[PDB]
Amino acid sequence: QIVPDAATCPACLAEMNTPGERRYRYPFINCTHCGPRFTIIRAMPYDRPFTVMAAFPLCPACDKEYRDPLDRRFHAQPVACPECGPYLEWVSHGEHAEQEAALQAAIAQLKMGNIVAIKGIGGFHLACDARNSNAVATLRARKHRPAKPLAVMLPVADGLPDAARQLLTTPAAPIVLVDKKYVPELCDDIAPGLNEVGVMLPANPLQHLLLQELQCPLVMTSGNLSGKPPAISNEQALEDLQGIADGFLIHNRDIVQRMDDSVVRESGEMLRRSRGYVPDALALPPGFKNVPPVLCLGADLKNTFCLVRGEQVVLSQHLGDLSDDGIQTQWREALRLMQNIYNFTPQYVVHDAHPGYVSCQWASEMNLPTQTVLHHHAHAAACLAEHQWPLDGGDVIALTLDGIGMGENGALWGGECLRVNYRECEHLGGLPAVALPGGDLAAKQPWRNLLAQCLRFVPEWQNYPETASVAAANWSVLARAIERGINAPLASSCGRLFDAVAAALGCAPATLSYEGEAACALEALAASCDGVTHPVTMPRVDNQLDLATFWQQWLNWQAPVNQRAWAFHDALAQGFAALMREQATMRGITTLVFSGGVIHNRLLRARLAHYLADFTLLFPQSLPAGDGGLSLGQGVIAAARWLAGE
């Protein structure tokens, strides 16, 4: 059995720490109870000639340890000392060094405020001093990342809430998101515009060394240009990162699988599922048995694939966006290793119903029978699967809220009420479909969504201060294209409605640098309000929300901006609750399901749960609510269809 890659045990820490010990300050110390698992395997089974440790035979003194039944190093396939093992290597613009000299080289570079590349378990990290403004602004520049929040590694978990200290210290050692008030030492460029900071603890022996001598918080971000795959080779780090890193702290141990840090909320909610959780299987729900091997390709962004067989499913690591170049290489390598570990050969492939997805291209190359699942049906079934809803459990009403996914018959959906079970998805209602002006540009420029909402729903909209930067431009050319349907497809998107509201409040840059940026901003603004009495509503008209009444009330309710943002969240939840109540009660349904990337918004769930207390409510928890949980939803729908004999 291979278990997930795991955080250094207290025991290995104690040995690396004790003077005169053979592995004192050795940065590759591992044992039978911690260390790289999944990341160091070239093939099955889990024995040293088929790990990366074949470049290192074991010296005489690491032969009574590995061979020893009493030792906590009995069949640690990667275990080595400084005599026989990998050793650190420092590389700089006309410098070089090795071992202890290399570790000190990096420490000194970090201390002087520089960016260093450090080889971790699952890839490389870029690090600097997280207190040092100059250094953060520069890392942002070089990595191209102008706003997306940086995770930060802390020496200890002192001063954090109990719930976070608990998660931070698990063998998985994820990044945990916590209120930024708890970490005053961070410069303001770490998570600008947001209320949460992602923190982590040292989880690998090198990280423990670095932090023990640095005793300050460090940025720890992925070793790559934004929207390019993490370099995994020393060779590729040194090439890809030359203009970013001031220095390289590398090593001659190969990494064989890309494995990003996992990200959870202090609440326990899973956001990104990789290091520490993969490659654990999950049990399929009651009634799911004897399922043939099916490969589920997942979503185009935040991608994971899934392998379904028998009574279990296994999700891959976060692979990211599949429109990136070199992501297919890492994808296929992860699939190769996962199929080899599970002796898995697919007989079927399942993929998204969207014909323009990269994933749907790869499927047709496979020579297996293929089938299609609606994006929003997959989101909803993924949530039902996590809650172990039985195969014959009965219909639910689902609310699936996201940016965009392809719906029935070509429609663009992202804010829908559905009747679902594992085989069927019937669309019932939701947000009105509104144009995306300039197609792909609508997700980058929130003001385009505000314009589209105003043209549809707001009389004399040019007279509101909220619309002033749009009204001052020559907006009629784009309005003429909208009316003619030129690159302005209709979408009932919850994510785009969030962007319209954020444009109206001015809480985001006019043009965004990352996906979901305006919505995270608006949520951060609203979360600073403790709740407010307000008159803004989103009433139900038949099976849709009445956005004209929404805009007229919301635009005319002057209040501090945090209260305006809170009112929007509240009125949105109240209107969807009203819709789901009518649909579920008149069908005899007592369970409601919530899914889609928007359902990561904590204030939205809090308000939905406040207004839907008359129902049983199923929210995602152990898998991401967004696209990273999508392959699992595809796999349970495929399975249930087969189990029914269709």
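Residue positions are given as counts along the sequence shown, with the first one as 1.
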**Request:** Take the C-alpha B-factors listed in the entry for 522-530 and for 382-390, compute each mean, and give the stretch with the larger one.
**Result:** 522-530
**Prompt:** Taking the recorded C-alpha temperature factors, which stretch has the higher mean, 427-435 or 249-257?
**Reply:** 249-257
**Asked** Which of these, 177, 183, 107, 411, has its C-alpha atom at the highest B-factor, as the entry lists it?
**Response** 107
**Request:** Compare the CA B factors listed in the entry for 403, 287, 217, 94 and report the winner.
**Result:** 94
**Asked** In terms of the chain's CA B-factor thirds, is residue 628 lowest, middle or highest?
**Response** lowest
**Complete:** residue 49: C-alpha B-factor third of its chain, per the entry, is the highest
**CA B-factor ranking of residue 17, expressed as a third of its chain** = highest
**Within-chain third of residue 188 by Cα B-factor, per the entry** = middle
**Prompt:** What third of the chain, by the recorded C-alpha B-factor, contains residue 595?
**Reply:** lowest
